[PDB]
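A.B. asks: My structure is in start_18.pdb, and what it holds is PDB, C-alpha atoms:
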MODEL        1
ATOM      1  CA  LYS G  11     129.896 140.571 139.102  1.00  0.00           C
ATOM      2  CA  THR G  12     128.021 137.218 138.652  1.00  0.00           C
ATOM      3  CA  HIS G  13     131.203 135.364 139.822  1.00  0.00           C
ATOM      4  CA  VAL G  14     133.786 136.150 142.559  1.00  0.00           C
ATOM      5  CA  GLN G  15     137.297 134.637 142.901  1.00  0.00           C
ATOM      6  CA  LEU G  16     137.713 133.225 146.430  1.00  0.00           C
ATOM      7  CA  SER G  17     140.444 131.258 148.246  1.00  0.00           C
ATOM      8  CA  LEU G  18     138.651 129.110 150.895  1.00  0.00           C
ATOM      9  CA  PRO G  19     140.585 127.861 153.945  1.00  0.00           C
ATOM     10  CA  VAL G  20     140.305 124.017 154.090  1.00  0.00           C
ATOM     11  CA  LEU G  21     139.620 122.967 157.746  1.00  0.00           C
ATOM     12  CA  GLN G  22     139.921 119.527 159.432  1.00  0.00           C
ATOM     13  CA  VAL G  23     136.385 118.506 160.583  1.00  0.00           C
ATOM     14  CA  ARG G  24     137.607 117.971 164.219  1.00  0.00           C
ATOM     15  CA  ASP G  25     138.927 121.632 164.407  1.00  0.00           C
ATOM     16  CA  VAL G  26     135.623 123.180 163.318  1.00  0.00           C
ATOM     17  CA  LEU G  27     134.048 125.195 166.182  1.00  0.00           C
ATOM     18  CA  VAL G  28     130.803 126.238 164.412  1.00  0.00           C
ATOM     19  CA  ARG G  29     129.567 123.158 162.581  1.00  0.00           C
ATOM     20  CA  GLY G  30     126.809 124.706 160.387  1.00  0.00           C
ATOM     21  CA  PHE G  31     125.221 127.943 159.227  1.00  0.00           C
ATOM     22  CA  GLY G  32     121.741 127.556 160.794  1.00  0.00           C
ATOM     23  CA  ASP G  33     118.494 125.681 161.030  1.00  0.00           C
ATOM     24  CA  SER G  34     116.693 125.881 157.599  1.00  0.00           C
ATOM     25  CA  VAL G  35     117.803 125.296 153.960  1.00  0.00           C
ATOM     26  CA  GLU G  36     117.083 128.975 153.201  1.00  0.00           C
ATOM     27  CA  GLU G  37     119.032 130.224 156.302  1.00  0.00           C
ATOM     28  CA  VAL G  38     122.166 128.084 155.659  1.00  0.00           C
ATOM     29  CA  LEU G  39     122.325 129.171 151.960  1.00  0.00           C
ATOM     30  CA  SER G  40     121.803 132.834 153.122  1.00  0.00           C
ATOM     31  CA  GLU G  41     124.467 132.593 155.866  1.00  0.00           C
ATOM     32  CA  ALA G  42     126.917 130.675 153.584  1.00  0.00           C
ATOM     33  CA  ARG G  43     126.659 133.449 150.930  1.00  0.00           C
ATOM     34  CA  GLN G  44     127.126 136.194 153.582  1.00  0.00           C
ATOM     35  CA  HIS G  45     130.258 134.378 155.039  1.00  0.00           C
ATOM     36  CA  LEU G  46     131.679 133.785 151.515  1.00  0.00           C
ATOM     37  CA  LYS G  47     131.268 137.556 150.792  1.00  0.00           C
ATOM     38  CA  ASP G  48     132.804 138.526 154.264  1.00  0.00           C
ATOM     39  CA  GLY G  49     135.788 136.080 153.907  1.00  0.00           C
ATOM     40  CA  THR G  50     134.629 134.151 157.032  1.00  0.00           C
ATOM     41  CA  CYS G  51     133.774 130.836 155.245  1.00  0.00           C
ATOM     42  CA  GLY G  52     135.785 127.599 155.468  1.00  0.00           C
ATOM     43  CA  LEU G  53     135.586 124.331 153.480  1.00  0.00           C
ATOM     44  CA  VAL G  54     135.683 120.774 154.884  1.00  0.00           C
ATOM     45  CA  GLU G  55     136.545 118.014 152.363  1.00  0.00           C
ATOM     46  CA  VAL G  56     133.844 115.285 152.475  1.00  0.00           C
ATOM     47  CA  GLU G  57     135.111 111.772 153.353  1.00  0.00           C
ATOM     48  CA  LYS G  58     133.726 108.798 155.355  1.00  0.00           C
ATOM     49  CA  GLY G  59     132.545 110.041 158.784  1.00  0.00           C
ATOM     50  CA  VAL G  60     132.799 113.832 158.091  1.00  0.00           C
ATOM     51  CA  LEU G  61     129.117 114.756 157.514  1.00  0.00           C
ATOM     52  CA  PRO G  62     127.774 113.060 160.716  1.00  0.00           C
ATOM     53  CA  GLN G  63     130.245 115.359 162.625  1.00  0.00           C
ATOM     54  CA  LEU G  64     128.639 118.503 161.030  1.00  0.00           C
ATOM     55  CA  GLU G  65     125.140 120.021 161.546  1.00  0.00           C
ATOM     56  CA  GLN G  66     122.340 119.808 158.944  1.00  0.00           C
ATOM     57  CA  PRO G  67     121.207 121.510 156.869  1.00  0.00           C
ATOM     58  CA  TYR G  68     124.587 121.167 154.998  1.00  0.00           C
ATOM     59  CA  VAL G  69     125.824 123.678 152.373  1.00  0.00           C
ATOM     60  CA  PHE G  70     127.982 122.052 149.621  1.00  0.00           C
ATOM     61  CA  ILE G  71     130.076 123.729 146.939  1.00  0.00           C
ATOM     62  CA  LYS G  72     129.664 121.682 143.742  1.00  0.00           C
ATOM     63  CA  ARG G  73     131.637 122.054 140.457  1.00  0.00           C
ATOM     64  CA  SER G  74     129.332 123.973 138.033  1.00  0.00           C
ATOM     65  CA  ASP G  75     131.620 123.666 134.925  1.00  0.00           C
ATOM     66  CA  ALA G  76     134.782 121.906 133.486  1.00  0.00           C
ATOM     67  CA  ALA G  79     138.672 126.644 135.749  1.00  0.00           C
ATOM     68  CA  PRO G  80     139.650 130.315 135.143  1.00  0.00           C
ATOM     69  CA  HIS G  81     143.003 131.480 136.693  1.00  0.00           C
ATOM     70  CA  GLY G  82     143.174 128.164 138.724  1.00  0.00           C
ATOM     71  CA  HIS G  83     139.667 128.861 140.225  1.00  0.00           C
ATOM     72  CA  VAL G  84     137.129 125.985 139.803  1.00  0.00           C
ATOM     73  CA  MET G  85     133.629 127.366 139.066  1.00  0.00           C
ATOM     74  CA  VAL G  86     131.260 126.258 141.852  1.00  0.00           C
ATOM     75  CA  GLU G  87     127.731 126.904 143.104  1.00  0.00           C
ATOM     76  CA  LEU G  88     125.902 126.248 146.432  1.00  0.00           C
ATOM     77  CA  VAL G  89     123.568 123.242 147.029  1.00  0.00           C
ATOM     78  CA  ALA G  90     121.974 122.714 150.493  1.00  0.00           C
ATOM     79  CA  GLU G  91     120.953 119.302 151.900  1.00  0.00           C
ATOM     80  CA  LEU G  92     118.462 118.420 154.707  1.00  0.00           C
ATOM     81  CA  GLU G  93     117.353 114.810 155.569  1.00  0.00           C
ATOM     82  CA  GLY G  94     118.665 113.486 152.209  1.00  0.00           C
ATOM     83  CA  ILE G  95     116.962 116.110 149.968  1.00  0.00           C
ATOM     84  CA  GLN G  96     119.184 118.609 148.028  1.00  0.00           C
ATOM     85  CA  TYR G  97     118.028 122.119 146.994  1.00  0.00           C
ATOM     86  CA  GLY G  98     119.881 122.776 143.789  1.00  0.00           C
ATOM     87  CA  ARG G  99     121.438 120.578 141.155  1.00  0.00           C
ATOM     88  CA  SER G 100     125.155 120.772 140.253  1.00  0.00           C
ATOM     89  CA  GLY G 101     128.319 118.684 139.713  1.00  0.00           C
ATOM     90  CA  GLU G 102     130.806 116.956 142.031  1.00  0.00           C
ATOM     91  CA  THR G 103     131.124 118.104 145.699  1.00  0.00           C
ATOM     92  CA  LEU G 104     134.390 120.025 146.435  1.00  0.00           C
ATOM     93  CA  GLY G 105     133.386 120.113 150.136  1.00  0.00           C
ATOM     94  CA  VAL G 106     130.933 121.286 152.823  1.00  0.00           C
ATOM     95  CA  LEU G 107     131.020 124.941 153.861  1.00  0.00           C
ATOM     96  CA  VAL G 108     131.218 126.017 157.528  1.00  0.00           C
ATOM     97  CA  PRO G 109     131.813 129.290 159.324  1.00  0.00           C
ATOM     98  CA  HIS G 110     135.493 130.127 159.761  1.00  0.00           C
ATOM     99  CA  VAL G 111     136.246 131.601 163.216  1.00  0.00           C
ATOM    100  CA  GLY G 112     140.087 131.405 163.145  1.00  0.00           C
ATOM    101  CA  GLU G 113     140.771 127.616 162.837  1.00  0.00           C
ATOM    102  CA  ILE G 114     144.208 126.968 161.170  1.00  0.00           C
ATOM    103  CA  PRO G 115     143.661 125.545 157.649  1.00  0.00           C
ATOM    104  CA  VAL G 116     145.559 122.597 156.070  1.00  0.00           C
ATOM    105  CA  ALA G 117     145.183 124.112 152.551  1.00  0.00           C
ATOM    106  CA  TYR G 118     143.323 126.648 150.363  1.00  0.00           C
ATOM    107  CA  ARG G 119     140.737 125.797 147.656  1.00  0.00           C
ATOM    108  CA  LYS G 120     140.630 128.472 144.861  1.00  0.00           C
ATOM    109  CA  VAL G 121     137.009 128.738 143.584  1.00  0.00           C
ATOM    110  CA  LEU G 122     135.038 131.023 141.249  1.00  0.00           C
ATOM    111  CA  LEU G 123     131.661 131.280 143.085  1.00  0.00           C
ATOM    112  CA  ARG G 124     128.470 131.931 141.085  1.00  0.00           C
ATOM    113  CA  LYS G 125     127.055 134.763 143.307  1.00  0.00           C
TER
ENDMDL
END
Before we go any further, please render this structure as structure tokens.

C.D. replies:
Amino acid sequence: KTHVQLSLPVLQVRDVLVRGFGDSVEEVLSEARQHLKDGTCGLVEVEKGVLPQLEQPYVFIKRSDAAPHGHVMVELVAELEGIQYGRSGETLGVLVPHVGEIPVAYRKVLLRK
């Protein structure tokens, strides 16, 4: 399937134990996709002061369309030193590894895979 229905645990930035996916744009996109597939991916909602608390490169989920079965269609865009790799809509959040942090909510997405 080109798209997969996922329910992403929404984590508070200060709870996050593993604050990025790796050290290159290609690695973080690779790792983010693997974690999304394995159900070990969380989402942090981007507000003032969040991103400086996470590790670059960042992986964003961005709205790719204006929402089947409640699931917003999203795709991955990475960012490193102010350059983005990919082009998409509004940020729903920044992806991070999930290693058992308690979420505050779930974000239903349809991920272009």

A.B. asks: Every residue with an atom at most 12 Å from (139.6, 137.4, 146.8) (file coordinates; only C-alpha atoms) is what I'm after, so could you write them as a list in words?

C.D. replies: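 Using only C-alpha atoms, the matching residues come out as residues 13, 14, 15, 16, 17, 18, 19, 46, 47, 48, 49, 50, 83, 118, 119, 120, 121, 122 and 123 of chain G.
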
A.B. asks: For the residues in the current selection, export C-alpha atoms as a JSON list (two decimals), in the coordinates of the input.

C.D. replies:
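In the end it all went to again.json:
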[["chain", "number", "residue", "atom", "x", "y", "z"],
["G", 13, "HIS", "CA", 131.20, 135.36, 139.82],
["G", 14, "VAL", "CA", 133.79, 136.15, 142.56],
["G", 15, "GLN", "CA", 137.30, 134.64, 142.90],
["G", 16, "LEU", "CA", 137.71, 133.22, 146.43],
["G", 17, "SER", "CA", 140.44, 131.26, 148.25],
["G", 18, "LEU", "CA", 138.65, 129.11, 150.90],
["G", 19, "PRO", "CA", 140.58, 127.86, 153.94],
["G", 46, "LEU", "CA", 131.68, 133.78, 151.51],
["G", 47, "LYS", "CA", 131.27, 137.56, 150.79],
["G", 48, "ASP", "CA", 132.80, 138.53, 154.26],
["G", 49, "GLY", "CA", 135.79, 136.08, 153.91],
["G", 50, "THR", "CA", 134.63, 134.15, 157.03],
["G", 83, "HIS", "CA", 139.67, 128.86, 140.22],
["G", 118, "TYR", "CA", 143.32, 126.65, 150.36],
["G", 119, "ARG", "CA", 140.74, 125.80, 147.66],
["G", 120, "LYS", "CA", 140.63, 128.47, 144.86],
["G", 121, "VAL", "CA", 137.01, 128.74, 143.58],
["G", 122, "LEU", "CA", 135.04, 131.02, 141.25],
["G", 123, "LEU", "CA", 131.66, 131.28, 143.08]]

A.B. asks: How many Å separate atom CA of residue 23 of chain G from atom CA of residue 113 of chain G?

C.D. replies: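 So the answer is 10.4 Å.
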
A.B. asks: Given the file shown, enumerate the residues that the PyMOL selection byres ((chain G and resi 64-75) around 7) captures and present them as a count of residues only.

C.D. replies: 29

A.B. asks: Report, as AutoDock Vina command-line options, the centre and edge lengths in Å (one decimal) of the axis-aligned box enclosing every listed atom of segment 20-25 of chain G, padded by 3 Å on each side.

C.D. replies:
--center_x 138.3 --center_y 121.0 --center_z 159.2 --size_x 9.9 --size_y 12.0 --size_z 16.3

A.B. asks: Quick one, how far is atom CA of residue 22 of chain G from atom CA of residue 54 of chain G?

C.D. replies: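 Between atom CA of residue 22 of chain G and atom CA of residue 54 of chain G the gap works out to 6.3 Å.
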
A.B. asks: What does the PyMOL selection byres ((chain G and resi 12) around 6) select in this file, as a VMD selection string?

C.D. replies: chain G and resid 11 13 124 to 125

A.B. asks: If you measure from atom CA of residue 25 of chain G to atom CA of residue 57 of chain G, what distance in Å do you get, rounded to one decimal?

C.D. replies: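 Separation of atom CA of residue 25 of chain G and atom CA of residue 57 of chain G: 15.3 Å.
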
A.B. asks: Is it possible to produce a file of chain G from this structure, with C-alpha atoms, as a PDB file, in the first residue's frame?

C.D. replies:
ATOM      1  CA  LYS G  11       0.000   0.000   0.000  1.00  0.00           C
ATOM      2  CA  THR G  12       1.209   3.570  -0.865  1.00  0.00           C
ATOM      3  CA  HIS G  13      -0.449   4.843   2.385  1.00  0.00           C
ATOM      4  CA  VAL G  14      -0.689   3.340   5.916  1.00  0.00           C
ATOM      5  CA  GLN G  15      -3.138   4.374   8.686  1.00  0.00           C
ATOM      6  CA  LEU G  16      -1.168   5.143  11.873  1.00  0.00           C
ATOM      7  CA  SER G  17      -2.064   6.472  15.345  1.00  0.00           C
ATOM      8  CA  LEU G  18       1.047   8.353  16.620  1.00  0.00           C
ATOM      9  CA  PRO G  19       1.541   8.868  20.374  1.00  0.00           C
ATOM     10  CA  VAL G  20       1.917  12.645  21.059  1.00  0.00           C
ATOM     11  CA  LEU G  21       4.804  13.162  23.574  1.00  0.00           C
ATOM     12  CA  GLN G  22       5.716  16.230  25.702  1.00  0.00           C
ATOM     13  CA  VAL G  23       9.184  17.442  24.532  1.00  0.00           C
ATOM     14  CA  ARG G  24      10.588  17.243  28.136  1.00  0.00           C
ATOM     15  CA  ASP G  25       9.631  13.475  28.395  1.00  0.00           C
ATOM     16  CA  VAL G  26      11.441  12.504  25.189  1.00  0.00           C
ATOM     17  CA  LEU G  27      14.450  10.243  25.948  1.00  0.00           C
ATOM     18  CA  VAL G  28      15.786   9.870  22.366  1.00  0.00           C
ATOM     19  CA  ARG G  29      15.614  13.325  20.815  1.00  0.00           C
ATOM     20  CA  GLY G  30      16.296  12.470  17.124  1.00  0.00           C
ATOM     21  CA  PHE G  31      16.713   9.661  14.617  1.00  0.00           C
ATOM     22  CA  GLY G  32      20.395  10.179  13.671  1.00  0.00           C
ATOM     23  CA  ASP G  33      23.070  12.344  12.165  1.00  0.00           C
ATOM     24  CA  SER G  34      22.248  12.903   8.414  1.00  0.00           C
ATOM     25  CA  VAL G  35      19.073  13.940   6.499  1.00  0.00           C
ATOM     26  CA  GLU G  36      19.074  10.535   4.755  1.00  0.00           C
ATOM     27  CA  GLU G  37      19.545   8.591   8.067  1.00  0.00           C
ATOM     28  CA  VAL G  38      16.766  10.441   9.983  1.00  0.00           C
ATOM     29  CA  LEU G  39      14.254   9.955   7.096  1.00  0.00           C
ATOM     30  CA  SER G  40      15.335   6.234   6.921  1.00  0.00           C
ATOM     31  CA  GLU G  41      15.055   5.728  10.710  1.00  0.00           C
ATOM     32  CA  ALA G  42      11.746   7.702  10.920  1.00  0.00           C
ATOM     33  CA  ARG G  43      10.193   5.439   8.224  1.00  0.00           C
ATOM     34  CA  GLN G  44      11.487   2.268   9.971  1.00  0.00           C
ATOM     35  CA  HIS G  45      10.051   3.462  13.397  1.00  0.00           C
ATOM     36  CA  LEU G  46       6.712   4.451  11.767  1.00  0.00           C
ATOM     37  CA  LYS G  47       6.497   0.917  10.227  1.00  0.00           C
ATOM     38  CA  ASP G  48       7.528  -0.767  13.612  1.00  0.00           C
ATOM     39  CA  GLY G  49       5.053   1.354  15.707  1.00  0.00           C
ATOM     40  CA  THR G  50       7.979   2.871  17.697  1.00  0.00           C
ATOM     41  CA  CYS G  51       7.548   6.507  16.465  1.00  0.00           C
ATOM     42  CA  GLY G  52       6.205   9.419  18.537  1.00  0.00           C
ATOM     43  CA  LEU G  53       5.140  12.965  17.559  1.00  0.00           C
ATOM     44  CA  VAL G  54       6.029  16.216  19.370  1.00  0.00           C
ATOM     45  CA  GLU G  55       3.800  19.231  18.563  1.00  0.00           C
ATOM     46  CA  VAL G  56       5.991  22.193  17.476  1.00  0.00           C
ATOM     47  CA  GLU G  57       5.644  25.353  19.622  1.00  0.00           C
ATOM     48  CA  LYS G  58       8.043  28.102  20.832  1.00  0.00           C
ATOM     49  CA  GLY G  59      11.125  26.463  22.415  1.00  0.00           C
ATOM     50  CA  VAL G  60      10.419  22.830  21.314  1.00  0.00           C
ATOM     51  CA  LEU G  61      12.858  22.430  18.374  1.00  0.00           C
ATOM     52  CA  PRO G  62      15.971  23.727  20.260  1.00  0.00           C
ATOM     53  CA  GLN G  63      15.259  20.888  22.802  1.00  0.00           C
ATOM     54  CA  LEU G  64      15.413  18.243  19.976  1.00  0.00           C
ATOM     55  CA  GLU G  65      18.402  17.064  17.857  1.00  0.00           C
ATOM     56  CA  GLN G  66      18.885  18.007  14.178  1.00  0.00           C
ATOM     57  CA  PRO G  67      18.394  16.800  11.572  1.00  0.00           C
ATOM     58  CA  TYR G  68      14.607  17.059  12.371  1.00  0.00           C
ATOM     59  CA  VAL G  69      11.931  14.881  10.691  1.00  0.00           C
ATOM     60  CA  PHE G  70       8.539  16.676  10.308  1.00  0.00           C
ATOM     61  CA  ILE G  71       5.183  15.230   9.290  1.00  0.00           C
ATOM     62  CA  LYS G  72       3.485  17.798   7.032  1.00  0.00           C
ATOM     63  CA  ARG G  73      -0.141  17.742   5.741  1.00  0.00           C
ATOM     64  CA  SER G  74       0.039  16.510   2.091  1.00  0.00           C
ATOM     65  CA  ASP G  75      -3.703  17.056   1.264  1.00  0.00           C
ATOM     66  CA  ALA G  76      -7.021  18.657   2.526  1.00  0.00           C
ATOM     67  CA  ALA G  79      -8.638  13.211   5.753  1.00  0.00           C
ATOM     68  CA  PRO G  80      -9.840   9.599   5.198  1.00  0.00           C
ATOM     69  CA  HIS G  81     -11.439   7.830   8.250  1.00  0.00           C
ATOM     70  CA  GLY G  82     -10.210  10.735  10.531  1.00  0.00           C
ATOM     71  CA  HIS G  83      -6.569  10.202   9.306  1.00  0.00           C
ATOM     72  CA  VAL G  84      -4.842  13.376   7.949  1.00  0.00           C
ATOM     73  CA  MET G  85      -2.655  12.534   4.916  1.00  0.00           C
ATOM     74  CA  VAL G  86       0.969  13.437   5.726  1.00  0.00           C
ATOM     75  CA  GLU G  87       4.468  12.998   4.311  1.00  0.00           C
ATOM     76  CA  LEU G  88       8.016  13.310   5.780  1.00  0.00           C
ATOM     77  CA  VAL G  89      10.243  16.423   5.343  1.00  0.00           C
ATOM     78  CA  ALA G  90      13.696  16.561   7.038  1.00  0.00           C
ATOM     79  CA  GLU G  91      15.441  19.795   8.117  1.00  0.00           C
ATOM     80  CA  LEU G  92      19.168  20.486   8.822  1.00  0.00           C
ATOM     81  CA  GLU G  93      20.635  24.012   9.474  1.00  0.00           C
ATOM     82  CA  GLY G  94      17.496  25.704   8.041  1.00  0.00           C
ATOM     83  CA  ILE G  95      17.320  23.684   4.771  1.00  0.00           C
ATOM     84  CA  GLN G  96      14.327  21.297   4.230  1.00  0.00           C
ATOM     85  CA  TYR G  97      14.490  18.152   2.037  1.00  0.00           C
ATOM     86  CA  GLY G  98      11.002  17.816   0.674  1.00  0.00           C
ATOM     87  CA  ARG G  99       8.157  20.222   0.112  1.00  0.00           C
ATOM     88  CA  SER G 100       4.723  19.759   1.745  1.00  0.00           C
ATOM     89  CA  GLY G 101       1.987  21.539   3.747  1.00  0.00           C
ATOM     90  CA  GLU G 102       1.596  22.579   7.394  1.00  0.00           C
ATOM     91  CA  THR G 103       3.683  20.827  10.123  1.00  0.00           C
ATOM     92  CA  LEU G 104       1.616  18.458  12.361  1.00  0.00           C
ATOM     93  CA  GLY G 105       4.758  17.888  14.486  1.00  0.00           C
ATOM     94  CA  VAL G 106       8.342  16.580  14.724  1.00  0.00           C
ATOM     95  CA  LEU G 107       8.877  12.819  14.841  1.00  0.00           C
ATOM     96  CA  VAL G 108      11.057  11.151  17.507  1.00  0.00           C
ATOM     97  CA  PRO G 109      11.695   7.585  18.590  1.00  0.00           C
ATOM     98  CA  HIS G 110       9.137   6.280  21.077  1.00  0.00           C
ATOM     99  CA  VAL G 111      10.749   4.193  23.857  1.00  0.00           C
ATOM    100  CA  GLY G 112       7.760   3.966  26.268  1.00  0.00           C
ATOM    101  CA  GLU G 113       7.105   7.654  27.211  1.00  0.00           C
ATOM    102  CA  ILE G 114       3.410   8.172  28.257  1.00  0.00           C
ATOM    103  CA  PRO G 115       1.598  10.196  25.549  1.00  0.00           C
ATOM    104  CA  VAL G 116      -0.819  13.128  26.140  1.00  0.00           C
ATOM    105  CA  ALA G 117      -2.814  12.252  22.966  1.00  0.00           C
ATOM    106  CA  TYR G 118      -2.835  10.328  19.654  1.00  0.00           C
ATOM    107  CA  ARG G 119      -2.571  11.889  16.156  1.00  0.00           C
ATOM    108  CA  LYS G 120      -4.329   9.728  13.468  1.00  0.00           C
ATOM    109  CA  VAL G 121      -2.375  10.080  10.171  1.00  0.00           C
ATOM    110  CA  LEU G 122      -2.400   8.438   6.727  1.00  0.00           C
ATOM    111  CA  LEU G 123       1.364   8.269   5.922  1.00  0.00           C
ATOM    112  CA  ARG G 124       2.517   8.312   2.278  1.00  0.00           C
ATOM    113  CA  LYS G 125       4.978   5.335   2.497  1.00  0.00           C
TER     114      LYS G 125
END
